[PDB]
file query-v1.txt (compact mmCIF, N, CA, C and O atoms)
# COMPACT_ATOMS: atom_id res chain seq x y z
N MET Q 1 -16.12 -37.54 29.98
CA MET Q 1 -15.64 -36.49 29.06
C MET Q 1 -16.77 -35.47 28.82
O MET Q 1 -17.66 -35.70 28.00
N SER Q 2 -16.75 -34.37 29.59
CA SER Q 2 -17.76 -33.30 29.50
C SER Q 2 -17.41 -32.32 28.35
O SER Q 2 -16.27 -32.30 27.87
N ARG Q 3 -18.40 -31.53 27.93
CA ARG Q 3 -18.23 -30.51 26.88
C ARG Q 3 -17.56 -29.25 27.47
O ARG Q 3 -17.91 -28.82 28.58
N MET Q 4 -16.59 -28.68 26.74
CA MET Q 4 -16.08 -27.32 27.01
C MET Q 4 -16.85 -26.35 26.10
O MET Q 4 -17.13 -26.67 24.94
N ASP Q 5 -17.20 -25.17 26.64
CA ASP Q 5 -18.14 -24.23 26.00
C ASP Q 5 -17.58 -23.63 24.70
O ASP Q 5 -16.61 -22.86 24.73
N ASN Q 6 -18.18 -24.04 23.57
CA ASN Q 6 -17.94 -23.43 22.24
C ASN Q 6 -18.81 -22.18 22.08
O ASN Q 6 -19.79 -22.02 22.81
N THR Q 7 -18.45 -21.33 21.09
CA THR Q 7 -18.99 -19.96 20.88
C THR Q 7 -18.44 -19.00 21.97
O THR Q 7 -18.73 -19.16 23.17
N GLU Q 8 -17.64 -18.02 21.52
CA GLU Q 8 -16.91 -17.10 22.41
C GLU Q 8 -16.92 -15.67 21.84
O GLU Q 8 -17.63 -15.40 20.86
N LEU Q 9 -16.13 -14.77 22.46
CA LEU Q 9 -15.96 -13.38 21.99
C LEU Q 9 -15.12 -13.38 20.69
O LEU Q 9 -14.14 -14.13 20.61
N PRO Q 10 -15.49 -12.54 19.66
CA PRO Q 10 -14.80 -12.52 18.34
C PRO Q 10 -13.37 -11.92 18.42
O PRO Q 10 -12.99 -11.31 19.43
N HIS Q 11 -12.61 -12.09 17.33
CA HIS Q 11 -11.24 -11.54 17.20
C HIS Q 11 -11.28 -10.00 17.06
O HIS Q 11 -12.33 -9.44 16.72
N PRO Q 12 -10.14 -9.28 17.38
CA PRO Q 12 -10.03 -7.79 17.27
C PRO Q 12 -10.54 -7.21 15.92
O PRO Q 12 -10.23 -7.73 14.85
N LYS Q 13 -11.32 -6.12 16.02
CA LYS Q 13 -11.87 -5.39 14.86
C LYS Q 13 -10.95 -4.21 14.49
O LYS Q 13 -10.13 -3.77 15.30
N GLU Q 14 -11.09 -3.72 13.24
CA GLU Q 14 -10.41 -2.50 12.77
C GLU Q 14 -11.02 -1.26 13.47
O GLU Q 14 -12.08 -0.78 13.06
N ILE Q 15 -10.39 -0.82 14.57
CA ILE Q 15 -10.80 0.37 15.36
C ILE Q 15 -9.66 1.44 15.31
O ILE Q 15 -9.53 2.32 16.16
N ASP Q 16 -8.82 1.33 14.26
CA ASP Q 16 -7.71 2.27 13.98
C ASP Q 16 -7.60 2.47 12.46
O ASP Q 16 -7.74 1.52 11.69
N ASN Q 17 -7.35 3.73 12.03
CA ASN Q 17 -7.37 4.12 10.60
C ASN Q 17 -6.24 5.11 10.27
O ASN Q 17 -6.39 5.95 9.37
N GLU Q 18 -5.09 4.99 10.97
CA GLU Q 18 -3.87 5.75 10.60
C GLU Q 18 -3.28 5.15 9.30
O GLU Q 18 -2.85 3.99 9.26
N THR Q 19 -3.35 5.93 8.20
CA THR Q 19 -2.93 5.48 6.86
C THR Q 19 -1.42 5.69 6.67
O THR Q 19 -0.86 6.70 7.12
N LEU Q 20 -0.76 4.71 6.00
CA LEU Q 20 0.67 4.81 5.66
C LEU Q 20 0.89 5.91 4.62
O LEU Q 20 0.03 6.17 3.77
N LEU Q 21 2.08 6.51 4.68
CA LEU Q 21 2.47 7.63 3.82
C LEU Q 21 3.07 7.08 2.50
O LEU Q 21 3.60 5.96 2.50
N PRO Q 22 2.97 7.84 1.35
CA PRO Q 22 3.53 7.40 0.03
C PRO Q 22 5.03 7.02 0.08
O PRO Q 22 5.77 7.55 0.91
N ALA Q 23 5.45 6.11 -0.82
CA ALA Q 23 6.87 5.70 -0.96
C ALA Q 23 7.76 6.91 -1.30
O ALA Q 23 8.91 6.98 -0.88
N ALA Q 24 7.17 7.84 -2.07
CA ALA Q 24 7.78 9.14 -2.40
C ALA Q 24 6.69 10.10 -2.89
O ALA Q 24 5.65 9.65 -3.38
N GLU Q 25 6.93 11.41 -2.75
CA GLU Q 25 6.03 12.47 -3.24
C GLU Q 25 6.66 13.18 -4.46
O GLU Q 25 6.29 14.31 -4.80
N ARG Q 26 7.58 12.47 -5.14
CA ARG Q 26 8.33 13.00 -6.29
C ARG Q 26 7.56 12.76 -7.60
O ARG Q 26 7.63 11.67 -8.17
N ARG Q 27 6.81 13.78 -8.05
CA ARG Q 27 6.11 13.75 -9.35
C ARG Q 27 7.10 14.05 -10.49
O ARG Q 27 7.36 15.21 -10.83
N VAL Q 28 7.71 12.98 -11.03
CA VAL Q 28 8.53 13.03 -12.26
C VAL Q 28 7.73 12.46 -13.43
O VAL Q 28 6.88 11.60 -13.22
N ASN Q 29 8.04 12.92 -14.65
CA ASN Q 29 7.35 12.50 -15.88
C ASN Q 29 7.52 10.98 -16.15
O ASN Q 29 8.46 10.35 -15.65
N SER Q 30 6.57 10.42 -16.93
CA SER Q 30 6.43 8.98 -17.24
C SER Q 30 7.75 8.26 -17.60
O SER Q 30 7.96 7.12 -17.16
N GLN Q 31 8.65 8.90 -18.39
CA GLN Q 31 9.90 8.25 -18.87
C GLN Q 31 10.84 7.89 -17.69
O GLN Q 31 11.62 6.93 -17.76
N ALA Q 32 10.73 8.67 -16.60
CA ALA Q 32 11.50 8.48 -15.35
C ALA Q 32 10.66 7.73 -14.29
O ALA Q 32 10.87 7.92 -13.09
N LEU Q 33 9.75 6.84 -14.77
CA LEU Q 33 8.83 6.02 -13.93
C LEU Q 33 9.53 5.28 -12.76
O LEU Q 33 8.89 4.97 -11.75
N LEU Q 34 10.82 4.97 -12.93
CA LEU Q 34 11.66 4.40 -11.85
C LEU Q 34 12.97 5.17 -11.78
O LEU Q 34 13.36 5.67 -10.72
N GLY Q 35 13.64 5.26 -12.94
CA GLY Q 35 14.98 5.82 -13.04
C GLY Q 35 16.00 4.98 -12.28
O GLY Q 35 15.85 3.75 -12.22
N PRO Q 36 17.07 5.60 -11.67
CA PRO Q 36 17.96 4.90 -10.72
C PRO Q 36 17.42 4.93 -9.27
O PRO Q 36 18.01 4.33 -8.37
N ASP Q 37 16.27 5.63 -9.06
CA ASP Q 37 15.66 5.82 -7.74
C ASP Q 37 14.85 4.58 -7.33
O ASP Q 37 15.14 3.96 -6.31
N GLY Q 38 13.84 4.23 -8.15
CA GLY Q 38 13.02 3.02 -7.94
C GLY Q 38 11.62 3.30 -7.41
O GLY Q 38 10.71 2.51 -7.67
N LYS Q 39 11.43 4.39 -6.65
CA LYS Q 39 10.12 4.73 -6.03
C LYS Q 39 9.77 6.21 -6.23
O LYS Q 39 10.20 7.08 -5.49
N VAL Q 40 8.98 6.51 -7.28
CA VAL Q 40 8.58 7.88 -7.64
C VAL Q 40 7.13 7.89 -8.15
O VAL Q 40 6.59 6.85 -8.54
N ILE Q 41 6.51 9.07 -8.15
CA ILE Q 41 5.18 9.28 -8.72
C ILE Q 41 5.30 9.67 -10.21
O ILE Q 41 6.00 10.62 -10.56
N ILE Q 42 4.62 8.89 -11.06
CA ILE Q 42 4.60 9.05 -12.51
C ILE Q 42 3.59 10.14 -12.90
O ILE Q 42 2.40 10.01 -12.63
N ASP Q 43 4.11 11.18 -13.54
CA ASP Q 43 3.32 12.28 -14.08
C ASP Q 43 3.07 11.98 -15.57
O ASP Q 43 4.02 11.98 -16.38
N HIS Q 44 1.81 11.65 -15.89
CA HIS Q 44 1.40 11.20 -17.23
C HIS Q 44 -0.14 11.27 -17.36
O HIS Q 44 -0.84 11.10 -16.35
N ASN Q 45 -0.63 11.55 -18.59
CA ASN Q 45 -2.07 11.47 -18.95
C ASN Q 45 -2.89 12.60 -18.25
O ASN Q 45 -4.11 12.52 -18.09
N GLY Q 46 -2.19 13.69 -17.88
CA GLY Q 46 -2.80 14.78 -17.10
C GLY Q 46 -3.13 14.36 -15.67
O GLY Q 46 -4.01 14.92 -15.03
N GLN Q 47 -2.39 13.32 -15.19
CA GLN Q 47 -2.60 12.69 -13.87
C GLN Q 47 -1.23 12.41 -13.22
O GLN Q 47 -0.16 12.66 -13.82
N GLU Q 48 -1.27 11.87 -12.00
CA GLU Q 48 -0.10 11.33 -11.30
C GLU Q 48 -0.46 9.95 -10.69
O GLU Q 48 -1.64 9.72 -10.38
N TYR Q 49 0.53 9.04 -10.58
CA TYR Q 49 0.35 7.70 -9.94
C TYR Q 49 1.70 7.11 -9.50
O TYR Q 49 2.61 6.96 -10.31
N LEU Q 50 1.79 6.74 -8.19
CA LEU Q 50 3.04 6.29 -7.54
C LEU Q 50 3.39 4.86 -7.98
O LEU Q 50 2.63 3.93 -7.71
N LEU Q 51 4.52 4.69 -8.68
CA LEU Q 51 5.10 3.38 -8.97
C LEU Q 51 6.37 3.24 -8.16
O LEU Q 51 7.27 4.09 -8.24
N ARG Q 52 6.44 2.17 -7.37
CA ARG Q 52 7.60 1.91 -6.52
C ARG Q 52 8.09 0.47 -6.70
O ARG Q 52 7.32 -0.43 -7.04
N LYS Q 53 9.39 0.28 -6.47
CA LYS Q 53 10.01 -1.05 -6.37
C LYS Q 53 9.97 -1.48 -4.89
O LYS Q 53 10.64 -0.88 -4.04
N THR Q 54 9.10 -2.46 -4.59
CA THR Q 54 9.02 -3.08 -3.27
C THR Q 54 10.26 -3.99 -3.10
O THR Q 54 10.63 -4.70 -4.06
N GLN Q 55 10.90 -3.93 -1.91
CA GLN Q 55 12.18 -4.63 -1.61
C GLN Q 55 12.06 -6.17 -1.77
O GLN Q 55 13.05 -6.85 -2.08
N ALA Q 56 10.83 -6.69 -1.58
CA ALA Q 56 10.48 -8.12 -1.79
C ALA Q 56 10.78 -8.58 -3.24
O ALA Q 56 10.94 -9.78 -3.51
N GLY Q 57 10.82 -7.60 -4.16
CA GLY Q 57 11.25 -7.81 -5.55
C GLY Q 57 10.12 -7.61 -6.54
O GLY Q 57 10.01 -8.37 -7.51
N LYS Q 58 9.29 -6.58 -6.31
CA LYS Q 58 8.10 -6.30 -7.17
C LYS Q 58 7.96 -4.81 -7.49
O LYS Q 58 8.70 -3.97 -6.97
N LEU Q 59 7.00 -4.52 -8.38
CA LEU Q 59 6.53 -3.16 -8.68
C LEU Q 59 5.14 -2.96 -8.07
O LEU Q 59 4.35 -3.91 -7.97
N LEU Q 60 4.83 -1.72 -7.66
CA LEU Q 60 3.57 -1.37 -6.99
C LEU Q 60 3.05 -0.04 -7.56
O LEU Q 60 3.57 1.03 -7.22
N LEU Q 61 2.09 -0.13 -8.50
CA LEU Q 61 1.42 1.03 -9.12
C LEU Q 61 0.19 1.38 -8.26
O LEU Q 61 -0.68 0.52 -8.05
N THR Q 62 0.13 2.63 -7.76
CA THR Q 62 -0.91 3.08 -6.82
C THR Q 62 -1.44 4.46 -7.25
O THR Q 62 -0.66 5.36 -7.56
N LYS Q 63 -2.78 4.59 -7.29
CA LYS Q 63 -3.48 5.87 -7.47
C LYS Q 63 -3.73 6.49 -6.07
O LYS Q 63 -3.00 7.41 -5.67

call {"tool": "encode", "arguments": {"input": "query-v1.txt", "output": "structure tokens"}}
result
Amino acid sequence: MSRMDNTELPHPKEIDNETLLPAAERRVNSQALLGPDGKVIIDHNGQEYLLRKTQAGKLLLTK
């Protein structure tokens, strides 16, 4: 029973940086944070931040 050579070439590196696009570009005010839509950008505090309903069954607040 001979040895098979351990230590090899590493797994694939991040050599791609194409970023995913927002769930929506709809800047509606804070009270309409979801509405009947589910995925909109919240306009509040002199800022904006995208809150979306992920289909898996969650909320996702993103700056």

call {"tool": "select_by_dssp", "arguments": {"input": "query-v1.txt", "residues": "chain Q", "states": "strand (DSSP E)", "output": "list in words"}}
result
residues 27, 28, 29, 39, 40, 41, 42, 43, 44, 47, 48, 49, 50, 51, 52, 53, 54, 58, 59, 60, 61 and 62 of chain Q

call {"tool": "closest_residue", "arguments": {"input": "query-v1.txt", "among": "Q:23, Q:9, Q:41, Q:28", "to": "residue 55 in chain Q", "atoms": "only C-alpha atoms"}}
result
Q:23

call {"tool": "atom_distance", "arguments": {"input": "query-v1.txt", "atom1": "CA of residue 58 in chain Q", "atom2": "atom C of residue 16 in chain Q"}}
result
26.6 Å

call {"tool": "residues_near_point", "arguments": {"input": "query-v1.txt", "point": "(6.9, 8.0, -6.0)", "cutoff": "8 Å", "atoms": "only C-alpha atoms", "output": "list in words"}}
result
residues 22, 23, 24, 25, 26, 27, 39, 40, 41, 42, 49, 50, 51 and 52 of chain Q

call {"tool": "atom_distance", "arguments": {"input": "query-v1.txt", "atom1": "atom N of residue 29 in chain Q", "atom2": "atom C of residue 45 in chain Q"}}
result
11.5 Å

call {"tool": "atom_distance", "arguments": {"input": "query-v1.txt", "atom1": "CA of residue 20 in chain Q", "atom2": "CA of residue 62 in chain Q"}}
result
12.7 Å

call {"tool": "closest_residue", "arguments": {"input": "query-v1.txt", "among": "Q:4, Q:53, Q:48, Q:12", "to": "residue 33 in chain Q", "atoms": "all atoms listed in the file"}}
result
Q:53

call {"tool": "decode", "arguments": {"input": "query-v1.txt", "residues": "range 14-54 of chain Q", "atoms": "N, CA and C atoms", "output": "PDB file, in the first residue's frame"}}
result
ATOM      1  N   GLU Q  14     -12.021  33.992  -6.696  1.00  0.00           N
ATOM      2  CA  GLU Q  14     -12.886  35.074  -7.204  1.00  0.00           C
ATOM      3  C   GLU Q  14     -12.093  35.938  -8.213  1.00  0.00           C
ATOM      4  N   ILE Q  15     -12.243  35.623  -9.514  1.00  0.00           N
ATOM      5  CA  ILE Q  15     -11.597  36.356 -10.636  1.00  0.00           C
ATOM      6  C   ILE Q  15     -12.712  36.992 -11.535  1.00  0.00           C
ATOM      7  N   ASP Q  16     -13.896  37.194 -10.927  1.00  0.00           N
ATOM      8  CA  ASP Q  16     -15.069  37.839 -11.570  1.00  0.00           C
ATOM      9  C   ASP Q  16     -15.793  38.703 -10.527  1.00  0.00           C
ATOM     10  N   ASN Q  17     -16.254  39.897 -10.946  1.00  0.00           N
ATOM     11  CA  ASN Q  17     -16.828  40.913 -10.034  1.00  0.00           C
ATOM     12  C   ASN Q  17     -18.041  41.619 -10.669  1.00  0.00           C
ATOM     13  N   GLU Q  18     -18.805  40.898 -11.520  1.00  0.00           N
ATOM     14  CA  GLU Q  18     -20.097  41.409 -12.027  1.00  0.00           C
ATOM     15  C   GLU Q  18     -21.141  41.372 -10.881  1.00  0.00           C
ATOM     16  N   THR Q  19     -21.554  42.564 -10.424  1.00  0.00           N
ATOM     17  CA  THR Q  19     -22.459  42.725  -9.271  1.00  0.00           C
ATOM     18  C   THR Q  19     -23.929  42.603  -9.717  1.00  0.00           C
ATOM     19  N   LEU Q  20     -24.755  41.939  -8.880  1.00  0.00           N
ATOM     20  CA  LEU Q  20     -26.201  41.816  -9.129  1.00  0.00           C
ATOM     21  C   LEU Q  20     -26.880  43.185  -8.976  1.00  0.00           C
ATOM     22  N   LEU Q  21     -27.961  43.364  -9.728  1.00  0.00           N
ATOM     23  CA  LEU Q  21     -28.721  44.621  -9.782  1.00  0.00           C
ATOM     24  C   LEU Q  21     -29.780  44.632  -8.652  1.00  0.00           C
ATOM     25  N   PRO Q  22     -30.192  45.846  -8.127  1.00  0.00           N
ATOM     26  CA  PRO Q  22     -31.211  45.961  -7.035  1.00  0.00           C
ATOM     27  C   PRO Q  22     -32.544  45.238  -7.354  1.00  0.00           C
ATOM     28  N   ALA Q  23     -33.259  44.788  -6.298  1.00  0.00           N
ATOM     29  CA  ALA Q  23     -34.591  44.153  -6.431  1.00  0.00           C
ATOM     30  C   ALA Q  23     -35.594  45.114  -7.093  1.00  0.00           C
ATOM     31  N   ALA Q  24     -35.411  46.415  -6.809  1.00  0.00           N
ATOM     32  CA  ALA Q  24     -36.154  47.509  -7.442  1.00  0.00           C
ATOM     33  C   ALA Q  24     -35.398  48.824  -7.225  1.00  0.00           C
ATOM     34  N   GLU Q  25     -35.623  49.798  -8.117  1.00  0.00           N
ATOM     35  CA  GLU Q  25     -35.047  51.161  -8.013  1.00  0.00           C
ATOM     36  C   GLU Q  25     -36.148  52.176  -7.643  1.00  0.00           C
ATOM     37  N   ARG Q  26     -37.229  51.667  -7.021  1.00  0.00           N
ATOM     38  CA  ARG Q  26     -38.406  52.470  -6.655  1.00  0.00           C
ATOM     39  C   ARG Q  26     -38.229  53.091  -5.254  1.00  0.00           C
ATOM     40  N   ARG Q  27     -37.765  54.354  -5.209  1.00  0.00           N
ATOM     41  CA  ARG Q  27     -37.653  55.122  -3.955  1.00  0.00           C
ATOM     42  C   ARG Q  27     -39.038  55.664  -3.540  1.00  0.00           C
ATOM     43  N   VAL Q  28     -39.767  54.864  -2.743  1.00  0.00           N
ATOM     44  CA  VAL Q  28     -41.015  55.291  -2.073  1.00  0.00           C
ATOM     45  C   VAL Q  28     -40.732  55.566  -0.599  1.00  0.00           C
ATOM     46  N   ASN Q  29     -41.533  56.458   0.006  1.00  0.00           N
ATOM     47  CA  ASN Q  29     -41.381  56.866   1.416  1.00  0.00           C
ATOM     48  C   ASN Q  29     -41.572  55.664   2.387  1.00  0.00           C
ATOM     49  N   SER Q  30     -41.000  55.807   3.599  1.00  0.00           N
ATOM     50  CA  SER Q  30     -40.940  54.775   4.659  1.00  0.00           C
ATOM     51  C   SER Q  30     -42.260  54.000   4.906  1.00  0.00           C
ATOM     52  N   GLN Q  31     -43.425  54.691   4.886  1.00  0.00           N
ATOM     53  CA  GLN Q  31     -44.731  54.055   5.210  1.00  0.00           C
ATOM     54  C   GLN Q  31     -45.099  52.958   4.178  1.00  0.00           C
ATOM     55  N   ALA Q  32     -44.589  53.126   2.945  1.00  0.00           N
ATOM     56  CA  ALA Q  32     -44.780  52.177   1.828  1.00  0.00           C
ATOM     57  C   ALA Q  32     -43.549  51.251   1.670  1.00  0.00           C
ATOM     58  N   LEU Q  33     -42.870  50.962   2.813  1.00  0.00           N
ATOM     59  CA  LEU Q  33     -41.656  50.096   2.895  1.00  0.00           C
ATOM     60  C   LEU Q  33     -41.784  48.744   2.156  1.00  0.00           C
ATOM     61  N   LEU Q  34     -43.019  48.234   2.035  1.00  0.00           N
ATOM     62  CA  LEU Q  34     -43.321  47.030   1.240  1.00  0.00           C
ATOM     63  C   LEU Q  34     -44.528  47.316   0.345  1.00  0.00           C
ATOM     64  N   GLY Q  35     -45.611  47.782   0.989  1.00  0.00           N
ATOM     65  CA  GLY Q  35     -46.901  47.961   0.333  1.00  0.00           C
ATOM     66  C   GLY Q  35     -47.490  46.629  -0.138  1.00  0.00           C
ATOM     67  N   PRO Q  36     -48.240  46.594  -1.284  1.00  0.00           N
ATOM     68  CA  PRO Q  36     -48.639  45.326  -1.937  1.00  0.00           C
ATOM     69  C   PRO Q  36     -47.556  44.800  -2.916  1.00  0.00           C
ATOM     70  N   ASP Q  37     -46.459  45.577  -3.081  1.00  0.00           N
ATOM     71  CA  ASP Q  37     -45.372  45.268  -4.022  1.00  0.00           C
ATOM     72  C   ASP Q  37     -44.415  44.228  -3.413  1.00  0.00           C
ATOM     73  N   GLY Q  38     -43.802  44.579  -2.264  1.00  0.00           N
ATOM     74  CA  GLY Q  38     -42.919  43.666  -1.521  1.00  0.00           C
ATOM     75  C   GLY Q  38     -41.436  43.997  -1.630  1.00  0.00           C
ATOM     76  N   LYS Q  39     -41.003  44.610  -2.748  1.00  0.00           N
ATOM     77  CA  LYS Q  39     -39.572  44.928  -2.988  1.00  0.00           C
ATOM     78  C   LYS Q  39     -39.396  46.364  -3.515  1.00  0.00           C
ATOM     79  N   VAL Q  40     -39.115  47.310  -2.601  1.00  0.00           N
ATOM     80  CA  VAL Q  40     -38.954  48.741  -2.934  1.00  0.00           C
ATOM     81  C   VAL Q  40     -37.846  49.359  -2.073  1.00  0.00           C
ATOM     82  N   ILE Q  41     -37.327  50.507  -2.511  1.00  0.00           N
ATOM     83  CA  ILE Q  41     -36.348  51.286  -1.751  1.00  0.00           C
ATOM     84  C   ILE Q  41     -37.084  52.292  -0.834  1.00  0.00           C
ATOM     85  N   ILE Q  42     -36.771  52.214   0.464  1.00  0.00           N
ATOM     86  CA  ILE Q  42     -37.354  53.042   1.524  1.00  0.00           C
ATOM     87  C   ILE Q  42     -36.639  54.398   1.563  1.00  0.00           C
ATOM     88  N   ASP Q  43     -37.413  55.455   1.342  1.00  0.00           N
ATOM     89  CA  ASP Q  43     -36.963  56.840   1.423  1.00  0.00           C
ATOM     90  C   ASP Q  43     -37.329  57.350   2.828  1.00  0.00           C
ATOM     91  N   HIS Q  44     -36.294  57.549   3.659  1.00  0.00           N
ATOM     92  CA  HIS Q  44     -36.438  57.913   5.078  1.00  0.00           C
ATOM     93  C   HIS Q  44     -35.088  58.415   5.630  1.00  0.00           C
ATOM     94  N   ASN Q  45     -35.150  59.361   6.605  1.00  0.00           N
ATOM     95  CA  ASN Q  45     -33.983  59.834   7.388  1.00  0.00           C
ATOM     96  C   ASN Q  45     -33.003  60.656   6.497  1.00  0.00           C
ATOM     97  N   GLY Q  46     -33.535  61.220   5.396  1.00  0.00           N
ATOM     98  CA  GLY Q  46     -32.712  61.926   4.399  1.00  0.00           C
ATOM     99  C   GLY Q  46     -31.814  60.966   3.617  1.00  0.00           C
ATOM    100  N   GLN Q  47     -32.242  59.684   3.559  1.00  0.00           N
ATOM    101  CA  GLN Q  47     -31.495  58.571   2.937  1.00  0.00           C
ATOM    102  C   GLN Q  47     -32.466  57.680   2.144  1.00  0.00           C
ATOM    103  N   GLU Q  48     -31.907  56.655   1.495  1.00  0.00           N
ATOM    104  CA  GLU Q  48     -32.675  55.573   0.862  1.00  0.00           C
ATOM    105  C   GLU Q  48     -32.029  54.216   1.236  1.00  0.00           C
ATOM    106  N   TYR Q  49     -32.848  53.143   1.325  1.00  0.00           N
ATOM    107  CA  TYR Q  49     -32.367  51.760   1.603  1.00  0.00           C
ATOM    108  C   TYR Q  49     -33.397  50.706   1.137  1.00  0.00           C
ATOM    109  N   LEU Q  50     -32.933  49.753   0.291  1.00  0.00           N
ATOM    110  CA  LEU Q  50     -33.791  48.748  -0.386  1.00  0.00           C
ATOM    111  C   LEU Q  50     -34.219  47.663   0.621  1.00  0.00           C
ATOM    112  N   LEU Q  51     -35.527  47.572   0.891  1.00  0.00           N
ATOM    113  CA  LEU Q  51     -36.122  46.456   1.641  1.00  0.00           C
ATOM    114  C   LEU Q  51     -36.949  45.631   0.672  1.00  0.00           C
ATOM    115  N   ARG Q  52     -36.645  44.338   0.601  1.00  0.00           N
ATOM    116  CA  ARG Q  52     -37.347  43.419  -0.287  1.00  0.00           C
ATOM    117  C   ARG Q  52     -37.806  42.171   0.467  1.00  0.00           C
ATOM    118  N   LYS Q  53     -38.891  41.571  -0.025  1.00  0.00           N
ATOM    119  CA  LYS Q  53     -39.348  40.247   0.406  1.00  0.00           C
ATOM    120  C   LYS Q  53     -38.697  39.195  -0.500  1.00  0.00           C
ATOM    121  N   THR Q  54     -37.739  38.448   0.070  1.00  0.00           N
ATOM    122  CA  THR Q  54     -37.104  37.312  -0.600  1.00  0.00           C
ATOM    123  C   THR Q  54     -38.131  36.156  -0.648  1.00  0.00           C
TER     124      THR Q  54
END
